[PDB]
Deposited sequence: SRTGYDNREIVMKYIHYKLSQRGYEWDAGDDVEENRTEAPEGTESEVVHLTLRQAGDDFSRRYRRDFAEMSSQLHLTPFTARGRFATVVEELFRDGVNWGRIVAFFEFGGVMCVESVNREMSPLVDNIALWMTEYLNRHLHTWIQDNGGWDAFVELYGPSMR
């Protein structure tokens, strides 16, 4: 299980739900992890549909401030610590930011966001993940 593949494939899925293409992701084109994450993120987005509708209009993305927007949101999200729900929330947020970046003619940001997600995965969330039994724990809990 490779965190960059998990990130790439999740963003590819979010972009495809809006009919948007992505070059960095055709390249990479463990499957149970991606399915479970797809399903979990979709459910999270139905549960929080009205809040996501508001967050999409209030991201205020620009090429020079999107990094700080990402960091602000993600640090607030993990303020109480880490759990599976908040990791899915993190993926869904990154998905919404990539969608809005293409939607607002800032397509290049998608490659930056995949970086920051990957980075944040490996630096600040990977320990908790191993220590709670890895991604097969997640597939154990919410899989098909």
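Unmodelled regions of the deposited chain sequence (numbering from residue 1, in sequence order): 1-4, 34-44, 160-162.
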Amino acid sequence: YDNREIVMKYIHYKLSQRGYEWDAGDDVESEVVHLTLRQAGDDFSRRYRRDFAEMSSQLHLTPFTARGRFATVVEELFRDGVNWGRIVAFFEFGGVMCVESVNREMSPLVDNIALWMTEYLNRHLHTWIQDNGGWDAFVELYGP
From here on, numbers count along this sequence of modelled residues.
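With 112-120 and 93-101 compared on mean CA B-factor from the PDB entry, the stretch scoring higher is 112-120.
As the entry records it, the average C-alpha temperature factor is higher for 123-131, out of 7-15 and 123-131. Taking only the listed residues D43, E54, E31, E75, the entry reports the highest CA temperature factor at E31.
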